[PDB]
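Have a look at the structure below before the remarks.
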Amino acid sequence: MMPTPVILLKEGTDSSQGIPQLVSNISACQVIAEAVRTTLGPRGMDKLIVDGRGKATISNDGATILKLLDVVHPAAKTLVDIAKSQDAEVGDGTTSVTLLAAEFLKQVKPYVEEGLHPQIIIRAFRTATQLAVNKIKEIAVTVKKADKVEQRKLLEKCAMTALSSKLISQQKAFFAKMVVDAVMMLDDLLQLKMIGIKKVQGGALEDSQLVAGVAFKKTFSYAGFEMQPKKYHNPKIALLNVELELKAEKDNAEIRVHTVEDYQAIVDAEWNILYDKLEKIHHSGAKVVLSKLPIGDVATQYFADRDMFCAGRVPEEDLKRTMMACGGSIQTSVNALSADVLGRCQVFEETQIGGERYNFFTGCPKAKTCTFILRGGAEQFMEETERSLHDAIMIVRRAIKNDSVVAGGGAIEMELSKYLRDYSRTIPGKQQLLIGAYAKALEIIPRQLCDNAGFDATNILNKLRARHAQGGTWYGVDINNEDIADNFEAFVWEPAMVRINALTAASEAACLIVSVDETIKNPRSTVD
Amino acid sequence: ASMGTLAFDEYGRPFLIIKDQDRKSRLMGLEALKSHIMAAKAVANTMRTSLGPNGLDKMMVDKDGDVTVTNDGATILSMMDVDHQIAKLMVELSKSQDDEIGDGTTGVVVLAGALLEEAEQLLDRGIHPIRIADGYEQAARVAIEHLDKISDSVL
Amino acid sequence: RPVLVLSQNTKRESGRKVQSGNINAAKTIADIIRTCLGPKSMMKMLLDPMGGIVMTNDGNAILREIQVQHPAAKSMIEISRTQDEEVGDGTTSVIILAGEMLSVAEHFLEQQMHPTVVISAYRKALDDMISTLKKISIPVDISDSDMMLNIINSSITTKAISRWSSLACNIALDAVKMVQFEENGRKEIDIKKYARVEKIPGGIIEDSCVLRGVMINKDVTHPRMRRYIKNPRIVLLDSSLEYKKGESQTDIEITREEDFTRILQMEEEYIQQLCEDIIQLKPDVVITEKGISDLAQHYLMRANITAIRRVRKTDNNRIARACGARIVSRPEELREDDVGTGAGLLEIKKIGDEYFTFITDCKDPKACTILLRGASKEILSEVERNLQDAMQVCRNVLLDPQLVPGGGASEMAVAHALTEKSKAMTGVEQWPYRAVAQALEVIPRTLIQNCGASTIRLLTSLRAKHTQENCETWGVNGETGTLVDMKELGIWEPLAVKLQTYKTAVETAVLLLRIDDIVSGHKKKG
Amino acid sequence: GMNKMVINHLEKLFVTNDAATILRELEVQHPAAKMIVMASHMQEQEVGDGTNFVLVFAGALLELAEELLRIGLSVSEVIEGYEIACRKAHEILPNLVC
Amino acid sequence: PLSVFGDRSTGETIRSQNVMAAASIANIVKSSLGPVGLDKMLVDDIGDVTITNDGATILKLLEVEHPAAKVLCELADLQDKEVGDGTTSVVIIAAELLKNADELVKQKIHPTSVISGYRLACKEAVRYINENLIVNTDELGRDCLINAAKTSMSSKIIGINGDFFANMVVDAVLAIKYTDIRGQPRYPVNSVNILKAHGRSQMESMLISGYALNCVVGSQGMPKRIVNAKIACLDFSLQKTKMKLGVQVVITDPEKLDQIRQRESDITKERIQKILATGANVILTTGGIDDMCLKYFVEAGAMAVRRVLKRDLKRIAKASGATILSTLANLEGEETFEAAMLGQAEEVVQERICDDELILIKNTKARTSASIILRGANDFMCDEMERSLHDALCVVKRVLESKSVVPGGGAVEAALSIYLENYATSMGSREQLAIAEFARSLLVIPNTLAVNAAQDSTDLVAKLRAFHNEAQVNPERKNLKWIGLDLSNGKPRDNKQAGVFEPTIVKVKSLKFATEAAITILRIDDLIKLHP
Amino acid sequence: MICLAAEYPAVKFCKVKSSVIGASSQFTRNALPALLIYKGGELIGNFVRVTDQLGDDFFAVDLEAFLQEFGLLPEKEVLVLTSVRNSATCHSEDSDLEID
Ligand SMILES: Nc1ncnc2c1ncn2[C@@H]1O[C@H](COP(=O)(O)OP(=O)(O)O)[C@@H](O)[C@H]1O
Ligand SMILES: Nc1ncnc2c1ncn2[C@@H]1O[C@H](COP(=O)(O)OP(=O)(O)O)[C@@H](O)[C@H]1O
Ligand SMILES: Nc1ncnc2c1ncn2[C@@H]1O[C@H](COP(=O)(O)OP(=O)(O)O)[C@@H](O)[C@H]1O
Ligand SMILES: [Mg+2]
Ligand SMILES: [Mg+2]
Ligand SMILES: [Mg+2]
Ligand SMILES: [Mg+2]
Ligand SMILES: [Mg+2]
């Protein structure tokens, strides 16, 4: 190198190229993987991450952990990106994708160090991934009966398997039943915004309940609210998008009068406008009034005089869920409050839950929405419960779309590894080494399960390999019995798309990482 | 045992993965459990002297010099200025017990501290903490059933 | 705490970047003095960090005065120093050749050819170039003084002393001839020790001459001694002629009245005894590397003997060789053979405002001094460097009587021979062989460029001429930019100079082509 | 070709093997390199592909022009020869249609 | 809780850190292995430059902070000291062994099992090398020595000139042969004085049939050449006599002072006369000589060399038959110098080498010695030439001492890998995996050789392994054990017929040292670094 | 110093800016040119304002004589021009040994 008085790129540009930078990229991917390594399996462990502000986020979800980690390595961000992709498309397996991608990179690192051309490795990964996806689609178990009881049991088992890695795994049967019921009460699109998640401090996990209806917190009651009855036995709900309070008619409105009679007439006109709105609402026969916009104290007292219930400033999504559960329509005007646009629920009640007041709309027979009310001893407790339930809900939705399942516990991956090794043993040999490396890399998840559980991974892996070779498809890791077992017969079920997407994303990330050979970092501008 | 990891690569090239990785700390494995158990034990031992009719008050002073003589465990832990995350978990546990019930905000902390203290010696003998948690859950179910059994009704 | 495998200051650079940097540094070092080659070279001014000014077009001095950081440049400078020390000429030529070979090597290095193949091709080409250079050489009769003067002229037409060519050639030839020595069956020249160059600013350059003896910047100790002796008998010494302390601790203890006077009289008598021992040989001049006491001066003066003191050991050895004397460190062991007879005149004369001592009529002297008169100190320094080049060329010719055509003829002939030889390889290594063969054309190209004529037309014409049969002596007239036959122009250079230049350039390229990793910043750990 | 992760001055990841994108996302400072970059971008705008060809051909032409200037040719002679050869290549190209 | 003023690393963290340090050291020197390897060029941040290929030199110059990297550095130094060759190979092998053992540990294999497997693998590899891969040099002649020297000098700056350098090295080594008691011919390398001087090309390097001194005559009046030299080796300065500390001169009568002062030099005069009266022509002393004694030698027309190094003087005395004399004192209490104390040589000259002069003692009698004058282009090239020359001399010494050699070019490593992979199935259950990983790690040398040549490493090593497997399976295909790598063409080749050889001691010592270092590093699972 | 380093290889001439050391404002402004001398780990040279006794045109001869006046420069040693080098390393000699 020479000074070159006029340098080519901007001063401070950093460049790395060749085999060393690719090995460094592989090492960085390994470092990213080992951050979520111990979170996998029923013996997984949560991780605590504190941001700059001092707030702590306790989580077992791989995608959340990777997002909270401030990764700046250009090659390492690919693992976080594929974890986010797996979370978005599927919702489960956010740790398996990272483990698989990093294990692929580690397995092909020795061949990279020997000067092998990366295009060959990329081609080998593409071939192996295509074969593995086809094998998964072929051997996945599906039932051509569409039995409702069988479908419910399948969904419950899938939810239990999804939930048996988090802190709510003790009540996994309870939460799986709740999640399956909530998802089956969704109508046709399985919108996530139609499932409410309410987190209330205090109480045990078993105290958490699912409301076949809608529920939301009490919202800034005005004076006179305590005089309204708090229970109805067949109320008609008037969902409104209306500001029910004395106020100026319009922002640009201006009143010009030159007589005290007109002054009194104007005052009475304002009062009569408000009273006309209130009387139009009351005459509709409704007993519960909900408004997205605030409801004033005058309206609150007016409704209290009529033994009616009112609640303004209701959150918009809560109003939408109430509309879906009760079957009314949100009205921006009160001029036509017909029976068509009035909601109906069997029972409305305001009860106290852990030092807070919640409004309950139960007894809805045609509800297409739900509301989870979660209890726990700490804010992170409710947050992690919500994350686990979100994973379960995504799994159940995907299973609703297609009830094709594969056994868990690493059985599917051991079968895939055996199949890929058998295939690789019948090709010239430059691709054979790489496909065999891919098949061996597929063994990472059962080994990680055994390592987290405190087993001896080598003996269990040998037993699994022998069992798969000699005949047997769904033999995985039995955590409780310190041994291996038929995981299909043990109801450790998993939707096929989870493993399909995991393999696809891991292969794409590995190919992208291997392809790059030069890293250039232009200097930061305006560090400040 | 701290400061995360530092490699600088085997080729001598810079190895930066996490932003400000030099100024971040990391506890891994059993050491983290031991530290958390010790902090929770300290909090529980501080609370345990304010239990019962012969309990003694805690004189709590905020950042403005306001003085609050109190025995309520939830109030003491809410006004306490802590930095350890496990201490914040203890404070939130007291707050949750107060919100759900309103009484017993001190017994929960002492019970949790005792549970973690026993878990310490259980871990020292080579038991996976998930096994300890499962055993604690089973024992808690048994104790709750027994409490339901020996409960008595009042008018 | 930043724990690292290597120290923080250690920096490692590797890859093709290292090879490119080394080759670029060598190219730039060559470009430093590319313009200082040929009879039309332009001189350069160097500002010495100690405050002096060096004005020269010699390659070695220019490259020595430059401080560089890139270690490839240090390697090139060491190459220049080695070439200067080994033969005394061809410094710019070897630097330019090394740069050109490294350029044509970088050519192949940009492709997928391993450097070891280039090294092997370069070594094969070096063997072939040595063979061809020996083949196209011609013998020289060293007895013919005209041919020797012509060779020295060809060696000094490229320097500032070229305007006084006959004078410089005669000075160098006479100095080299009379410093030549042979004893115990061993022949030696020893330009470094004897054949001193003494420069005195002032006067005119045409007054410069080589003396048949030695001149020193010394004066008589006492004014009463003779400053002009016809046929001196010179005696040389190392030991001081004064009373000196003994080696061991020798404290005296005086308890009598007359012991102090006796001690002082004994000192005087010892000095007188030494002077009498010297006088017994009846010399005329006594030269001492150390001090001569005033009483010793008196006792020598009473015998009509000129005494000079405090002379450097090198000057005393030169005087011994010139006048045929032997230095004696103990006067009591002085022998007749040690007395130096053979000097034909000794004369102390004043030049400017400072006395000088001449012993300048020796018959058959084996040492000499070269007296340089010039405009100033820098001009005389450049003249001395040119004289050094001339003497080195003369000694190279005397040691090896082989000559090779100059002015680009040798390079073009060797390039054509290697190009023809490369036609029968049919290997992957023939391309570097041919490239390093035609890389020798940089010398005729540089001569043409410095002359000012068109490079491409003249070089193509020269190559076409050399493609013929008996045209190995066709070179470039560096003054007019025309092709001439150097058996007519008369430019010739010693075969040793060309061989050393080619070998050094090729091995510089070989050494710098073996490097692909640079680490720096570590402590010396000494 | 091998993809390159280029991180611009705003820490936006740019992994690609498209020459125009790489050169756009590089902080090129040397004015001659700037002219080459502008030529490549003009090729991208006019046609849509061939930017890497443009840059490689320009680099090779400049290397060989440096060699020619070293061996003795003047700048004007090299420029005239390059223009003549470009015209000849443009004439030849239609006959190469497959 | 510990309250230790320092930093602690435990578990997989410290293991991975140690492996990373070892891998960094290995990767530093991995590019300087094999004939297609290329030199490095260090700068000592004061301007000093060192161009070299020797792994030991590179690792010695570098400043290293990590303890495991240090361990590999002194491993390189020890391999250089005990053998003199295979330094880079042993460093690379140790680092690869550590890396693979750490992978096995990460697979939840206990480190003690890995250590036991490594010990068994090293023992079995040494046994297999000694029983199947050795080639005796008795039936080869001088060709085996020449080929071993050429193989040693490949990858060095003198590789292409091997045809000449190997002959020079073999002649120099055979010149210094001596058979000691019990009749074991020992070859004392480091008795060959290597002299460097820039100037003429490499091929002008001279092998002196005698001894070369880096010193000149003390006075310009002495002759510069003596035909029939009678060397007198002395170990004391020849100056004016000075009394010891316990002796003090006190004068009470002035008449004695002149006699005292005269004797102060007449003592040395008498010593010089006694030495010269025996016919001595060359006088070499470790101490200094003042001007008076220098003139005394000048008048006699004899050599006189001062400040001669002690080792050079000892070598000259042993070669020429002279006896070192630290003092002139017989067993009768007198001061005498017997004529039998004089060495002899056929000529002593002061030749000129690149504007400088040195003394050559040509063809000493009663013993034959040697010295090499290396001519290069500059100081750096001469230093690298000297290092490569020392490597070749050590290789020739090892070959001539123990008459067993093994084929080079990675043939031994491939054969060992195949044999150990086939053999690991017959020992234990987890040390089986350890031995398999040892066998796999042994393949790093051919892989690095192939990579340095920019060839297809995977295919070439696969072909080598197939050849060696066929050799080890078919009893009648046992001539394939010598199939090594030909880096010039990138194809497997019979290295025994080609002429690529190495001393067996190189491979054996490298394996043993690498295994010991891997075991030593693998023991660590916890590091405490106290604050300074 | 450059000229003197060749004369005395034993001495360890070195230079350093006052900014990095942490010199005081007055020392930086009007006490910069100073010849700090250390031997045995303790100060031996107490020289500041070297221009006061040397001026600005002092040569290496002037500085050498001035330092030798106070007896601080190590005495010179006789030196000769080696070819380049002789030694390579020092270890077990294993010199020639003629044995029966
Ligand atoms: N009861 C069980 N027995 C064995 N393995 C299980 C069981 N439940 C889940 N697993 C395994 O846990 C893995 C997923 O762990 P988890 O942390 O829930 O999701 P992620 O894939 O995001 O890590 C699956 O590969 C599955 O095989
Ligand atoms: N009158 C001349 N015409 C043409 N070439 C010449 C003439 N005189 C010398 N040369 C050539 O110039 C070269 C000498 O260049 P010079 O400046 O002495 O370089 P260096 O100092 O490195 O020897 C020789 O090769 C010689 O052949
Ligand atoms: N002619 C050749 N052909 C193939 N391989 C060779 C040849 N010569 C040497 N080698 C191999 O190259 C390697 C070079 O080793 P080297 O780096 O010189 O050892 P050290 O570690 O002492 O420097 C040796 O292991 C040898 O097996
Ligand atoms: Mg999961
Ligand atoms: Mg209480
Ligand atoms: Mg010249
Ligand atoms: Mg394109
Ligand atoms: Mg070697």
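To be explicit about the labels: the chains of the structure tokens are called A, B, and onward in the order shown, and within each one the residues are counted from 1, while ligands get numbers from 1 in the order they are shown.
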
Could you give me, as a compact mmCIF listing (two decimals) with N, CA and C atoms, in the first residue's frame, every polymer residue with an atom at most 12 Å away from an atom of ligand 5, counting only C-alpha atoms and all ligand atoms?
```txt
# COMPACT_ATOMS: atom_id res chain seq x y z
N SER B 50 -40.75 -7.85 59.72
CA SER B 50 -42.01 -7.12 59.86
C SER B 50 -43.21 -8.05 59.71
N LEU B 51 -43.10 -9.25 60.26
CA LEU B 51 -44.13 -10.27 60.14
C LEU B 51 -44.68 -10.60 61.52
N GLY B 52 -45.99 -10.47 61.68
CA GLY B 52 -46.65 -10.85 62.91
C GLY B 52 -46.95 -9.68 63.82
N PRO B 53 -47.63 -9.96 64.94
CA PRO B 53 -47.93 -8.88 65.89
C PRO B 53 -46.69 -8.21 66.45
N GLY B 55 -44.01 -7.64 64.77
CA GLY B 55 -43.23 -7.09 63.69
C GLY B 55 -42.85 -5.64 63.94
N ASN B 71 -45.61 -0.60 58.11
CA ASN B 71 -45.44 -2.04 58.21
C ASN B 71 -45.91 -2.78 56.97
N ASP B 72 -46.71 -2.14 56.12
CA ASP B 72 -47.24 -2.77 54.93
C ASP B 72 -46.11 -3.15 53.98
N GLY B 73 -45.96 -4.45 53.72
CA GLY B 73 -44.86 -4.91 52.89
C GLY B 73 -44.92 -4.37 51.48
N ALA B 74 -46.12 -4.31 50.89
CA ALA B 74 -46.25 -3.79 49.54
C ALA B 74 -45.82 -2.33 49.48
N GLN B 97 -49.87 -9.19 44.99
CA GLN B 97 -50.56 -9.73 46.15
C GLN B 97 -51.45 -8.67 46.80
N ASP B 98 -50.97 -7.43 46.86
CA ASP B 98 -51.79 -6.34 47.39
C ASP B 98 -53.02 -6.11 46.51
N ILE B 101 -55.53 -9.26 46.79
CA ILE B 101 -56.08 -9.56 48.11
C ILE B 101 -56.13 -8.31 48.98
N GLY B 102 -54.99 -7.65 49.15
CA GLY B 102 -54.86 -6.52 50.03
C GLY B 102 -54.17 -6.82 51.35
N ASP B 103 -54.06 -8.09 51.71
CA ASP B 103 -53.36 -8.52 52.91
C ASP B 103 -52.44 -9.67 52.56
N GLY B 104 -51.40 -9.86 53.37
CA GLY B 104 -50.41 -10.87 53.10
C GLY B 104 -49.30 -10.44 52.17
N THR B 105 -49.14 -9.14 51.95
CA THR B 105 -48.10 -8.65 51.04
C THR B 105 -46.70 -8.91 51.58
N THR B 106 -46.56 -9.24 52.86
CA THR B 106 -45.26 -9.56 53.42
C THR B 106 -44.99 -11.06 53.42
N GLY B 107 -46.02 -11.87 53.65
CA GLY B 107 -45.83 -13.31 53.64
C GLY B 107 -45.38 -13.86 52.30
N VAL B 108 -45.85 -13.25 51.21
CA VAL B 108 -45.46 -13.72 49.88
C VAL B 108 -43.96 -13.58 49.67
```

Original post:
Which of chain F counts as helix (DSSP H, G or I) under DSSP, as a PyMOL selection string please?
Top reply: chain F and resi 2-7+18-21+25-30+50-54+60-69

**OP:** Name the residues, by chain letter and number, that sit within 9 Å of ligand 7 using only C-alpha atoms and all ligand atoms, and give them as JSON, numbers by chain.
**Re:** {"D": [18, 19, 48, 49, 50, 51, 52, 53]}

Writing out the chosen residues with C-alpha atoms as a PDB file, in the first residue's frame:
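Result written to part05.pdb:
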```pdb
ATOM      1  CA  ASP D  18     -25.264  -5.362  -9.268  1.00  0.00           C
ATOM      2  CA  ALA D  19     -22.465  -3.014 -10.308  1.00  0.00           C
ATOM      3  CA  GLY D  48     -30.655  -1.172 -17.769  1.00  0.00           C
ATOM      4  CA  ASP D  49     -27.843  -3.751 -17.832  1.00  0.00           C
ATOM      5  CA  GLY D  50     -24.156  -3.850 -18.670  1.00  0.00           C
ATOM      6  CA  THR D  51     -22.825  -1.455 -16.025  1.00  0.00           C
ATOM      7  CA  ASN D  52     -20.158  -3.924 -14.891  1.00  0.00           C
ATOM      8  CA  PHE D  53     -19.139  -4.386 -18.525  1.00  0.00           C
TER       9      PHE D  53
END
```

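In this structure, CA of residue 345 in chain C sits 25.1 Å away from CA of residue 189 in chain C.
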
Excluding range 400-403 of chain C and any residue of its chain fewer than 3 positions from it, enumerate the residues within 6 Å of it, using only C-alpha atoms, and give them as an mmCIF file with N, CA and C atoms, in the first residue's frame.
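This is the output file result-v7.cif:
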```cif
data_model
loop_
_atom_site.group_PDB
_atom_site.id
_atom_site.type_symbol
_atom_site.label_atom_id
_atom_site.label_comp_id
_atom_site.auth_asym_id
_atom_site.auth_seq_id
_atom_site.Cartn_x
_atom_site.Cartn_y
_atom_site.Cartn_z
ATOM 1 N N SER C 137 31.290 -10.379 -25.029
ATOM 2 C CA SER C 137 32.367 -9.564 -24.491
ATOM 3 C C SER C 137 33.594 -9.609 -25.398
ATOM 4 N N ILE C 138 34.506 -8.666 -25.173
ATOM 5 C CA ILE C 138 35.760 -8.595 -25.923
ATOM 6 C C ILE C 138 36.923 -8.421 -24.952
ATOM 7 N N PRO C 139 38.113 -8.919 -25.273
ATOM 8 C CA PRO C 139 39.260 -8.733 -24.382
ATOM 9 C C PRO C 139 39.910 -7.369 -24.567
ATOM 10 N N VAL C 140 40.706 -6.990 -23.568
ATOM 11 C CA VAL C 140 41.386 -5.698 -23.547
ATOM 12 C C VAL C 140 42.836 -5.907 -23.141
ATOM 13 N N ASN C 396 38.211 -2.324 -11.717
ATOM 14 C CA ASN C 396 37.430 -3.434 -12.254
ATOM 15 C C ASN C 396 38.013 -3.920 -13.571
ATOM 16 N N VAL C 397 38.421 -2.989 -14.436
ATOM 17 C CA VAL C 397 39.030 -3.375 -15.704
ATOM 18 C C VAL C 397 40.361 -4.076 -15.465
ATOM 19 N N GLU C 493 31.874 -0.576 -21.315
ATOM 20 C CA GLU C 493 31.805 -0.728 -19.873
ATOM 21 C C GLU C 493 32.354 -2.087 -19.470
ATOM 22 N N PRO C 494 32.934 -2.191 -18.275
ATOM 23 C CA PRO C 494 33.488 -3.475 -17.838
ATOM 24 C C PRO C 494 32.410 -4.542 -17.728
ATOM 25 N N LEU C 495 32.792 -5.776 -18.066
ATOM 26 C CA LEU C 495 31.855 -6.888 -17.973
ATOM 27 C C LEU C 495 31.404 -7.116 -16.538
#
```

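Relative to atom 10 (N, counted along the ligand's line) of ligand 1, CA of residue 192 in chain A is found at 24.8 Å.
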
**OP:** Please identify all polymer residues within 10 Å of residue 401 in chain E, counting only C-alpha atoms, omitting same-chain residues fewer than 6 positions from it, and present them as a ChimeraX atom specification.
**Re:** /E:184-187,395,503

**OP:** May I ask you to extract the residues of chain C within 10 Å of chain D, using only C-alpha atoms, and to give them as a PyMOL selection string?
**Re:** chain C and resi 442+445+449+454-457+459

**OP:** Could you tell me, counting only C-alpha atoms and all ligand atoms, which protein and nucleic acid residues lie no more than 7 Å from ligand 1, written as JSON, numbers by chain?
**Re:** {"A": [39, 40, 41, 42, 44, 61, 62, 92, 93, 94, 95, 96, 161, 162, 163, 164, 165, 408, 409, 410, 445, 477, 478, 479, 492]}

Subject >> Check: which chain A residues lie within 10 Å of chain E using only C-alpha atoms, as JSON, numbers by chain >> reply: {"A": [20, 111, 113, 114, 115, 116, 117, 429, 430, 447, 451, 455, 456, 457, 458]}

Hey, can you spit out that residue selection with N, CA and C atoms as a PDB file, in the first residue's frame?
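Listing of result.pdb after writing:
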```pdb
ATOM      1  N   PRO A  20     -11.022 -15.297   4.891  1.00  0.00           N
ATOM      2  CA  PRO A  20     -11.099 -14.877   6.301  1.00  0.00           C
ATOM      3  C   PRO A  20     -12.383 -14.159   6.670  1.00  0.00           C
ATOM      4  N   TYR A 111     -15.100 -26.856   4.694  1.00  0.00           N
ATOM      5  CA  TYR A 111     -14.929 -26.881   3.246  1.00  0.00           C
ATOM      6  C   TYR A 111     -14.633 -25.496   2.694  1.00  0.00           C
ATOM      7  N   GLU A 113     -12.863 -23.312   4.335  1.00  0.00           N
ATOM      8  CA  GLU A 113     -11.457 -23.119   4.671  1.00  0.00           C
ATOM      9  C   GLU A 113     -10.525 -23.828   3.699  1.00  0.00           C
ATOM     10  N   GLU A 114     -11.010 -24.841   2.988  1.00  0.00           N
ATOM     11  CA  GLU A 114     -10.202 -25.586   2.034  1.00  0.00           C
ATOM     12  C   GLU A 114     -10.238 -24.984   0.637  1.00  0.00           C
ATOM     13  N   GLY A 115     -10.861 -23.821   0.472  1.00  0.00           N
ATOM     14  CA  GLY A 115     -10.902 -23.163  -0.816  1.00  0.00           C
ATOM     15  C   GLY A 115     -11.985 -23.637  -1.754  1.00  0.00           C
ATOM     16  N   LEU A 116     -12.972 -24.377  -1.260  1.00  0.00           N
ATOM     17  CA  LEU A 116     -14.084 -24.796  -2.101  1.00  0.00           C
ATOM     18  C   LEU A 116     -14.877 -23.584  -2.570  1.00  0.00           C
ATOM     19  N   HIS A 117     -15.320 -23.625  -3.818  1.00  0.00           N
ATOM     20  CA  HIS A 117     -16.055 -22.499  -4.378  1.00  0.00           C
ATOM     21  C   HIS A 117     -17.443 -22.422  -3.751  1.00  0.00           C
ATOM     22  N   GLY A 429     -19.800 -37.198  -5.625  1.00  0.00           N
ATOM     23  CA  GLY A 429     -18.998 -37.093  -4.423  1.00  0.00           C
ATOM     24  C   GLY A 429     -18.564 -35.703  -4.013  1.00  0.00           C
ATOM     25  N   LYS A 430     -18.538 -34.752  -4.945  1.00  0.00           N
ATOM     26  CA  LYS A 430     -18.321 -33.370  -4.534  1.00  0.00           C
ATOM     27  C   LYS A 430     -19.566 -32.805  -3.868  1.00  0.00           C
ATOM     28  N   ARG A 447     -29.953 -32.808  19.486  1.00  0.00           N
ATOM     29  CA  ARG A 447     -28.778 -32.648  20.334  1.00  0.00           C
ATOM     30  C   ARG A 447     -28.953 -31.478  21.288  1.00  0.00           C
ATOM     31  N   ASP A 451     -28.991 -31.576  25.328  1.00  0.00           N
ATOM     32  CA  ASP A 451     -28.059 -30.743  26.081  1.00  0.00           C
ATOM     33  C   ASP A 451     -28.789 -29.847  27.073  1.00  0.00           C
ATOM     34  N   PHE A 455     -29.059 -34.300  29.322  1.00  0.00           N
ATOM     35  CA  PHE A 455     -28.855 -35.692  28.949  1.00  0.00           C
ATOM     36  C   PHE A 455     -27.397 -35.903  28.553  1.00  0.00           C
ATOM     37  N   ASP A 456     -27.113 -37.067  27.981  1.00  0.00           N
ATOM     38  CA  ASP A 456     -25.910 -37.290  27.191  1.00  0.00           C
ATOM     39  C   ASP A 456     -26.357 -37.375  25.739  1.00  0.00           C
ATOM     40  N   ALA A 457     -26.094 -36.313  24.976  1.00  0.00           N
ATOM     41  CA  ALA A 457     -26.658 -36.203  23.636  1.00  0.00           C
ATOM     42  C   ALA A 457     -26.139 -37.288  22.704  1.00  0.00           C
ATOM     43  N   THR A 458     -24.907 -37.752  22.913  1.00  0.00           N
ATOM     44  CA  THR A 458     -24.307 -38.703  21.984  1.00  0.00           C
ATOM     45  C   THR A 458     -25.037 -40.041  21.999  1.00  0.00           C
TER      46      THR A 458
END
```

Long-range neighbours of range 31-37 of chain F as a tab-separated table (two decimals) with C-alpha atoms, in the first residue's frame, 9 Å cut-off, only C-alpha atoms, 3 positions minimum in chain:
```tsv
chain	number	residue	atom	x	y	z
F	17	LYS	CA	6.84	16.04	22.16
F	18	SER	CA	6.07	17.96	25.33
F	26	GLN	CA	5.20	27.52	31.07
F	27	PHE	CA	7.44	24.57	30.21
F	28	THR	CA	5.59	24.11	26.91
F	42	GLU	CA	17.77	8.43	37.69
F	43	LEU	CA	18.40	11.85	36.19
F	44	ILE	CA	22.01	12.61	35.24
F	45	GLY	CA	21.34	15.48	32.82
F	46	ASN	CA	19.82	18.71	34.07
F	47	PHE	CA	19.79	20.72	30.84
F	48	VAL	CA	17.07	23.13	29.73
F	49	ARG	CA	17.41	26.10	27.37
F	50	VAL	CA	20.14	24.31	25.44
F	51	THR	CA	20.08	27.16	22.92
F	72	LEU	CA	28.23	12.47	30.34
```

**OP:** Output the contact residues of chain D with respect to chain A at a cut-off of 10 Å, based on only C-alpha atoms, as a ChimeraX atom specification.
**Re:** /D:1-17,22,25-34

Original post:
Leaving out residue 8 in chain B and any residue of its chain fewer than 4 positions from it, which residues lie within 12 Å of it when counting only C-alpha atoms, given as number ranges by chain?
Top reply: A: 24, 27-28; B: 12-17, 21-22; C: 2-8; E: 17, 20-21, 24
